[PDB]
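What follows is a set of notes on a single structure, which appears directly below.
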Amino acid sequence: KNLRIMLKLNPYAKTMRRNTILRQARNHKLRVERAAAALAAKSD
Amino acid sequence: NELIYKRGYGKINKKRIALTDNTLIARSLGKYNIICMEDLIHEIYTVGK
Amino acid sequence: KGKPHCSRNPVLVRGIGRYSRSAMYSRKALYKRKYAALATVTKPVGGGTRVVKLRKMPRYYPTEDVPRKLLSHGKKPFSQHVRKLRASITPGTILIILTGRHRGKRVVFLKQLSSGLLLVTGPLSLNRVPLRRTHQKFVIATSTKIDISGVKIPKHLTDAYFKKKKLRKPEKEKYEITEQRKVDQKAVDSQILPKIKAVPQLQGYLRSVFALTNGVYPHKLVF
Amino acid sequence: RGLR
Amino acid sequence: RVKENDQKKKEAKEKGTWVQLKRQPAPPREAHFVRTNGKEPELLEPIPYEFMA
Amino acid sequence: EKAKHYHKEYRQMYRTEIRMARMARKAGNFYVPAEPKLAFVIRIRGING
Amino acid sequence: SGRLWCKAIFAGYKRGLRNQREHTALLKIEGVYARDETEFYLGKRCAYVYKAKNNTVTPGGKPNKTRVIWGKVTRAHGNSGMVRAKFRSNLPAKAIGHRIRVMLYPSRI
Amino acid sequence: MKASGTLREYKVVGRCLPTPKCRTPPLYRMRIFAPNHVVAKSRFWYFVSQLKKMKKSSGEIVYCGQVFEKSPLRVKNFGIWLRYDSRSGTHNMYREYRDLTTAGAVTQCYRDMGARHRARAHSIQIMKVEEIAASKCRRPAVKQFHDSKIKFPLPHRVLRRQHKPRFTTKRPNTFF
RNA sequence: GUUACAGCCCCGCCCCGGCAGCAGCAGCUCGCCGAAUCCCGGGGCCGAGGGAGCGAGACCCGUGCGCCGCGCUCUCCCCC
RNA sequence: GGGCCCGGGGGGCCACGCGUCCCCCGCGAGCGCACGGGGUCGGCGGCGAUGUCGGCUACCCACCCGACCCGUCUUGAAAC
RNA sequence: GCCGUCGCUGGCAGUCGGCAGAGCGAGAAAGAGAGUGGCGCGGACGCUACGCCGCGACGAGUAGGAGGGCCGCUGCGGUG
Ligand SMILES: [Mg+2]
Ligand SMILES: [Mg+2]
Ligand SMILES: [Mg+2]
Ligand SMILES: [Mg+2]
Ligand SMILES: [Mg+2]
Ligand SMILES: [Mg+2]
Ligand SMILES: [Mg+2]
Ligand SMILES: [Mg+2]
């Protein structure tokens, strides 16, 4: 629960968490654009 | 992971000391190359030597 | 010396930056930013001069003293706390005051002061609530909002402006509405009031006082 | 030494 | 076991290697593949009760 | 770096067991994973009698 | 002017069948008859208001015979909309079956 | 075994442990209906032990996996052959059920065998589950739903929201 | 009696015939999970301890935000 | 798939001096923010000399839950 | 959170101050060693060592045992 406590014990957790936040925010963008083209293509 | 991070306590000099620092693990299990909570989780999870 | 730069590392979440250690190293150009290894005041006098101690030893010591406190962190003073505001309270929202002499009245939210208390106006002419501070924890924010984006709130309506002024009692001392406050009330009322009258029946709504009645339960209804 |  | 250990301890010593001397309890069986050999496992069903008196 | 390495190590163990079963299923056989080497034991009964 | 509190009944104390925990009271709130509707009321102030023989001071007012014990809703209780409340002093058992005001603050809406 | 919740169908494959005599023992497969796979494996060993000189110690589970219903949107008739222990003997039964899933039909059997014969799931052995055509079903309860023009009303509908309101001014109506 | 003025089941060839989607906001048709997991929010209870020092140093005698962990800026120069 | 994810022809790295030999091919300075060795506010309000404020316990009374009378011998006592 | 017990047969004589220099909790033996040649006058508390301080675990009890009572009663030697 405490971020800075985990880093004092496992500094590599910061890299893992940052990657998850970027990876998860990147995959969300892909679906939103993927879902849109499905909507726009359907309207065609 | 969660068993050892939330509820992980070391038996250091026959006392129940919370694992709030890596130096706690290194001073006791360092002779086995176990110097951090991550080494401790790997020795447990994989059942090391 | 050099002018400070905006942090090159944008915040991803609280406590984690966007860029790793080596990404920041390149951004900060650290590859080329390398580096290598009075207590007495003299005065004249009519002896000639006296060396004077700025701060003197105490003339008295108590029989007992308390030790020092251990050092903590994050325990900021109040003036440095961050202020939060419910997302449902946006400028122009019609709030319901829940406490004080004005409890039940419906007011117009203007802005959140630096101390975090809300600034609201009745307006005075509709329900007799002047420019007054109020805690957001003691207001029900309704879904009724008026657009006051074009309303100019005087820059001097700050926290110190509304802070109560002590009155001494030796009989009683009474609060006097300063002439400045009356001028201030008109400046803001004269703008918000015509905006209220653009919405039909809104002025009548702000004249009325909220109350619970038979069969009306807060958890059931929408404000 | 190199870092400096 | 004493003899085989001392001989292994002496045979491996001259060879500069390491051998197991201590016994160990049976470990859990390691992963393995089972070949069906192009046959379907026999379906089994419980048999009806029959009063064999 | 030990934590970084373990992450890669754990990932391969996870992926490898997935991959092993797929190649068995591909050929119409069964992959039987190794009996677990680790157990967690929780006492659920009191101390009377 | 009008009412600005919800009507609640002091149903009883926290208890098993043969043990009673008087530091917690169980409030039945009018209209709240499921556990899913109790969310609005959690953390809300609760006032047991009563009258006594001797006069007592009044904030922003002159002395009268009204007295109050304050508290607040701490959590839901059961599946039918009861809430647990804690008070600055345990409610007297003479208050079972009587009115407990539930205010509309601290407001989260 | 407890018939907790809705049962699932598992495919359990096991064999004797290989030995020098028989290096490749044959593979036995059973259809097991159970709450979870851990229970599914346990029941498998309870049945093969009855049919073969085999038990958990001298054999292993080669594959445990749920068998998904193949036509979950189709209505079928299932015939279930089962044996069970009553208080004073064992009896073979044949029963029919209508469902969308085979596991759903077996779960109906456990509730039904418990209701009509006070049979606990530990005394019931499902031997066979077969989807049956409408023309082969025997039980009139199942067969009365083989009507392409089936129609029936819902008489005397009982008010189920009896505590909302708890006190009301008007009496409920049961005709709809 | 066998697609007709409705439909249903199976099969052979059609790139597992082709497209979305994909254990689905058709907020429930059926699962197990998270090194393959992170973000934000709400209610409740609690605040035990009290000399942790930092830097200047025998060319200095300061200052009580100090350990470990994690960042930021400056000691470079431009641009918006 | 594994081999610091072997060797050759847009996105993250706890890569970042060099003389070299060659496998292979021992001290930079500052400043600052903090999920960082257990809470503070460098935040506020009301009332107050003759009827009001505080007083755990203590006196009387009330209510809710609990609650059989002790010593003893006894396997077993509230015991008819 | 607090009380006590037990254990660490744990720590503190280092209050080593201008005849001065503040440390030894730290992953991994043993020296903050000694040399020979190539302006102010200032710096809390402590230590009834039978004292003070820290950390961890624990706490049912008849018969019975043991410890501590700055619990209580009467008289004697000292002392107040
Ligand atoms: Mg028992
Ligand atoms: Mg009773
Ligand atoms: Mg009685
Ligand atoms: Mg007797
Ligand atoms: Mg007797
Ligand atoms: Mg008795
Ligand atoms: Mg009797
Ligand atoms: Mg005891």
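Heads up, chain C uses Swiss-Prot numbers, so what you see runs 41-77, 92-100, 105-228, 239-291.
So how was this one determined? The header says electron microscopy, 2.9 Å.
Cβ coordinates come from backbone N, Cα and C, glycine included.
For C:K97 (among others), the entry in Swiss-Prot reads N6-succinyllysine. C:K97 (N6-succinyllysine) falls within a strand when secondary structure is assigned with DSSP.
Swiss-Prot lists C:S130 with the feature phosphoserine. In this view, C:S130 (phosphoserine) is surrounded by 6 other Cβ atoms within 10 Å of its Cβ, with every protein chain counted.
What Swiss-Prot records for C:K210 (among others) is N6-succinyllysine, and it gives similarity to another entry as the kind of evidence. Around the Cβ of C:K210 (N6-succinyllysine), the number of neighbouring Cβ atoms within 10 Å comes to 9. Under the DSSP three-state reduction, C:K210 (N6-succinyllysine) is assigned to coil, being neither helix nor strand.
Residues or ranges marked as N6-acetyllysine by Swiss-Prot on the basis of similarity to another entry: C:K242. In this structure, C:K242 (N6-acetyllysine) belongs to neither helix nor strand by DSSP; it is coil. Residues within less than 8 Å, Cβ to Cβ, of C:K242 (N6-acetyllysine) and separated from it by at least 6 positions along the same chain comprise C:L225.
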Alpha-carbon spacing, C:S130 (phosphoserine) to C:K210 (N6-succinyllysine), which is rounded to whole Å: 43
How far is it from C:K97 (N6-succinyllysine) to C:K210 (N6-succinyllysine), counting Cα to Cα, in Å? 57
Taking DSSP as the reference, which of helix, strand or coil describes C:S130 (phosphoserine)? coil
